[PDB]
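So you can see what is in the structure, the chains are spelled out below.
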Amino acid sequence: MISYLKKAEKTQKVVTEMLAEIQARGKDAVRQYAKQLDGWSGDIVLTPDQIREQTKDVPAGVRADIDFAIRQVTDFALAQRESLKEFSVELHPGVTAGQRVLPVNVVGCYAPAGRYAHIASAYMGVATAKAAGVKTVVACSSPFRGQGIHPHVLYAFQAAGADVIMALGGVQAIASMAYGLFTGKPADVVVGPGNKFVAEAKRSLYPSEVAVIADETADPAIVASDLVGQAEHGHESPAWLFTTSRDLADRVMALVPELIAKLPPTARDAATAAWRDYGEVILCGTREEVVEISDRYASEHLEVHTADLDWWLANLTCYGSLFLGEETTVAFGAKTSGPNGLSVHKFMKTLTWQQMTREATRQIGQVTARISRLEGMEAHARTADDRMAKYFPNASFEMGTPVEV
Amino acid sequence: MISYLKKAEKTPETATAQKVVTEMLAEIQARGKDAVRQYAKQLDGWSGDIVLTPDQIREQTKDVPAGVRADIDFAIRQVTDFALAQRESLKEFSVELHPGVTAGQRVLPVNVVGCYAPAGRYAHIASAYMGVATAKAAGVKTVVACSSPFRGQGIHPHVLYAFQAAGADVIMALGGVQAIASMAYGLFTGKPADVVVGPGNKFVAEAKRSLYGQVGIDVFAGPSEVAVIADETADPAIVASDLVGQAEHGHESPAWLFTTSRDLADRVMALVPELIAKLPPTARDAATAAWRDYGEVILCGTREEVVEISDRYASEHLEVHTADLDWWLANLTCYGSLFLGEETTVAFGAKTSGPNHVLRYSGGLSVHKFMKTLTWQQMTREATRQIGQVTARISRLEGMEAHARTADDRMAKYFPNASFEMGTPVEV
Ligand SMILES: NC(=O)c1ccc[n+]([C@@H]2O[C@H](COP(=O)([O-])OP(=O)(O)OC[C@H]3O[C@@H](n4cnc5c(N)ncnc54)[C@H](O)[C@@H]3O)[C@@H](O)[C@H]2O)c1
Ligand SMILES: [Zn+2]
Ligand SMILES: [Zn+2]
């Protein structure tokens, strides 16, 4: 049986004008919107010199940390890129068919550079696009108080391998990258988290979760810590626990409030609200039942603190990213993003092709002709007839009764 | 050096579809199977059973002769064979990252796919089997197939035979929106569809969009297209024949020729009318308007300029009749599927369907549409020694104290007798 030991309490046109204006008047309109919305009166596209001077203050220790975190994304993305293979294959004898795998040409990456945003928000798209083999990555981020892009966001963009960096925000950023203003290189896709105008802009042109699965072997102090971890994001950050153990369920429900109370003010408020409004706890009969619930919820970030982790890897089917075991944790960072998803696959295209010998068309031609004529597709059948006549001049095959209607 | 020797004399959109679907879905959500059954009666005049039994399937396909079956069987196998190969091209793996960190990709099929087949008068039998065959090749466990009943007897017997031979698990005599919704909600089966595919009218399209969003519109829809890239070595009689091939579909089927050979362009432009004129009445009428209004011939200077304009047009079906086929394969970047060389042709059938390029590049009907990649990670204790520090220091810079403490807790548990610079805690 399933028991809800805790349940959740609670549960756009401006874009049309701006885009119509930007489309009509181009870079001119982007500059005005920059000054009107962001007070930005300076250059949009940063030079190599501007980038190094604006990030000169960033210390060596901070750079090393960010460099390390990027490498953990990049190094997975590199492996993942190779998981989609090109191939040839022979179907019917003399029929060859295959798949090419191309990166897209241009990716645009937006980062908000606001407060209580992960620096990961700035480097994930850029680092992923580059590992996928995209040759042009354009990164935008809104300027901080007419001083430029937040140095940490700017350092991240650069270290992640962005090719062009533009101090530009909101709808102007997305439109610019999509229409290819300032670079003359339209983005095949734009990615990155932002506000509601940003999201609707990306819609017209083209809340942080955490779940923990746990059994009796789990350490509730860590579980509770992990739930609290993402709870501090905002007031609408779900935090779910799915367990087969009442003891853990109760013990966690007892520690979470205490850990929240020990947080600093802003994080205390956020987590207090979030745990109350969207926090959930679910006790279940079997493992097999937990799966069912987990898969229905499909958390963006799913931790699994149980015995027999292989079983859970094998049997779970719906989630953004899986954190397997206690040691890793959501805060260490997902390598990808689930469906908002963001991975190398988002920036990769397959193209399929086929080729035939004449010998192959002997059978394929006559089947096609007969089928086409049963379909009433006389012109179709005739593309088969013509090849038969050219390749097999004195052949008489059953090519089907010609259409008269 | 680009020159339009023949221009399109028309352009390719009202959403009255939106009204009907919103109403119909609203209704079907309320009353379920009874609303579906009632819509079948009002729209199609249908009163029979919905879910076919194995008996009914054999019964209704009994008058499909052995020779016709063998041809369909053959055509389905070609799709299956490509699909199985294409499935093998997306691999599972694990990789070591920072020492003690393991990460990886799981690849698995979706549970349930719904396939719709318009099964009208001028549809290809391939439309019935391509969805179903691809879904099964992908390892989808439940495939549900729907087609509106033909003439009071049931599903068109060729369509029904195709569904069965392609490996559909459940077959249902439903048309239009009510078929799409039934498959989406899992009416009659208790198995809601993860995706629904299959061509149809603007209502079927709108119903898919409404229910699935992007994954519901990302497959090539609209009239059948054909493009041919041809150089001086191409045979104009074959080229003209291939263009006319798809132009008979209807009045809005575009047929494009991109060529570096003025000579070929002129010969094709003269041959097409002659070929159309020799078609039977229905086809003649279809192709005449199709070519007149939507036929294009583009003469280019170099190979690069043909690539430029081909990628812009991005035909669902692109033939390449040139020398040096390896080069064209290497340099073309946007198309539904490629027919390399003169020997193969569009009517032999692509083994996938390309993206909805007229919305853009992503999507289409292949095994890839029916498969998910899930990523995972796992760490030893030792791995966290470095990762926890970094996370802690980064989190505190972000003002994320709770985040940092998830690392503090692990550092304290795994490494009691050790101290690390975990950043200065947040006070705000
Ligand atoms: N170029 C090609 O390759 C090709 C070939 C054949 C058909 N088509 C296109 O496919 C479509 C086939 O048309 P179809 O009618 O057979 O579609 P369909 O077979 O996809 O759907 C038919 C069903 O639609 C429903 N329906 C019809 N009119 C409706 C209405 N006004 N309101 C609500 N439901 C309604 C009915 O239930 C009917 O059974 C057309 O758009 C045609 O142009 C293209
Ligand atoms: Zn977070
Ligand atoms: Zn066709």
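Residues numbered from 1 in each chain as written, not as in the entry; some residues may be left out. Chains lettered and ligands numbered in written order. Heavy atoms only, no water. Residues with missing side-chain atoms left out of burial classes, pairs and counts.

X-ray crystallography is the method the PDB entry lists for this structure, together with a resolution of 2.228 Å.

Naming follows the PDB entry, where chain B appears as Sulfopropanediol 3-dehydrogenase of Cupriavidus pinatubonensis JMP134. UniProt, in its Function section for chain B, records the words "Catalyzes the NAD-dependent oxidation of (R)-2,3-dihydroxypropane-1-sulfonate to (R)-3-sulfolactate." (UniProt positions renumbered as here; feature names shortened; annotations may be inferred.)

Identification of chain A as Sulfopropanediol 3-dehydrogenase from Cupriavidus pinatubonensis JMP134 is taken from the PDB entry. Quoted straight from UniProt, the Function entry for chain A says "Catalyzes the NAD-dependent oxidation of (R)-2,3-dihydroxypropane-1-sulfonate to (R)-3-sulfolactate." Recorded in UniProt under Sequence similarities, the annotation for chain A is "Belongs to the histidinol dehydrogenase family. HpsN subfamily."

(A) Helix α14 (residues 381–397) of chain B, seen in detail. Its 17 residues give α14 of chain B an end-to-end C-alpha distance of 24 Å, which sits within 8% of 24 Å, the value for a rise of 1.5 Å per residue. A bend of about 35° at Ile387 of chain B is the largest found in α14 of chain B. Summarising burial for α14 of chain B: twelve of the 17 residues are buried, a large majority. Regarding α14 of chain B, the residues found buried are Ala383, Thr384, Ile387, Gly388, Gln389, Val390, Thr391, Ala392, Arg393, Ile394, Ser395 and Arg396 of chain B. Contacts from the buried residues of α14 of chain B go to α4 (60–81) of chain A together with β3 (101–109), β13 (371–379) and α15 (401–414) of chain B. Sitting at the head of α14 of chain B, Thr380 of chain B places a side-chain oxygen 3.5 Å from the backbone nitrogen of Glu382 of chain B. (Helix = DSSP H or I, 4+ residues; strand = E, 2+ residues; numbered from the N terminus. Expected span 1.5 Å × (residues − 1). Bend = angle between axes of the 7 residues up to and from the residue. Buried < 20%, exposed > 50% of the residue type's maximum accessible area, 1.4 Å probe, protein only. Contact = heavy atoms within 4.5 Å. Polar contact = N/O pair within 3.5 Å; in protein donor to acceptor, adjacent residues only side chain to side chain.)

(B) Examining the packing of aromatic side chains more closely. All told, the structure shown has eleven aromatic pairs over all chains when counted by the stated rule. Look at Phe87 of chain A and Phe82 of chain B: their rings are 6.0 Å apart centre to centre, the planes differ by 35°, and that puts the pair in the tilted class. You can see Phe87 of chain A sitting in strand β2 (residues 87–90) and its partner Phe82 of chain B sitting in helix α4 (residues 66–87), one on each of two chains. Take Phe82 of chain B: its relative accessible area is 2%, and that puts it in the buried class. A centroid spacing of 5.0 Å and a plane angle of 85° characterise the contact between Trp327 of chain B and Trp328 of chain B, whose relative ring orientation is edge-to-face. For the pair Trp327 of chain B and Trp328 of chain B, one class covers both residues: buried. Taken together through their ring pairs, the aromatic side chains of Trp240, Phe242 and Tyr297 of chain A make up a single cluster. Looking at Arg287 of chain A, its charged tip hangs above the ring of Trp311 of chain A, at a distance of 4.0 Å from the centre. (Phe/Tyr/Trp six-rings, centres within 6.5 Å; stacked < 30°, edge-to-face > 60°. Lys NZ or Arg CZ within 6 Å of the ring centre and 35° of its normal.)

(C) Examining the coordination of the zinc ion (ligand 3) more closely. Protein coordination at the zinc ion (ligand 3): the donors are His380 of chain A (NE2), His124 of chain B (NE2), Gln246 of chain B (OE1) and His249 of chain B (NE2), at 2.1 to 2.2 Å from the metal. Coordination at the zinc ion (ligand 3) comes from four donor atoms whose angles at the metal span 84 to 178°, giving a geometry best classed as irregular. Residue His124 of chain B is located in the loop between β4 (112–116) and α5 (126–137), and its partner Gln246 of chain B is located in helix α9 (residues 236–247); the two are separated by 122 residues in the primary sequence. The class of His124 of chain B is partly exposed, set by a relative accessible area of 23%. (Donors = N, O, S within 2.8 Å, 3.2 Å for Na, K, Ca; no water. Tetrahedral: all angles 85-135°; square planar, octahedral: opposite > 155°, others 65-115°.)

(D) Examining the site of ligand 1 more closely. Residues and elements named next belong to chain B. Contacts to ligand 1 come from 17 residues, most closely from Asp44, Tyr116, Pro118, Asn201 and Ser224. Summarising the interface, the protein chains cover 63% of the accessible area of ligand 1, which totals 860 Å² for the free molecule. Among the elements of the structure, α2 (33–44), α7 (176–185) and α8 (202–212) are those that each provide at least two residues to the shell around ligand 1. Looking at side-chain class alone, the shell around ligand 1 contains eight nonpolar, eight polar and one charged residues. Both domains that furnish three or more residues to the shell around ligand 1 are identified here as domain 1 (16–220 + 369–373) and domain 2 (222–352). (Near = heavy atom within 4 Å. Areas by Shrake-Rupley, 256 points an atom, 1.4 Å probe, with all protein chains shown as cover. Nonpolar A, V, L, I, M, F, W, Y, C, P; charged D, E, K, R; others polar. Domains from an automatic or database assignment.)

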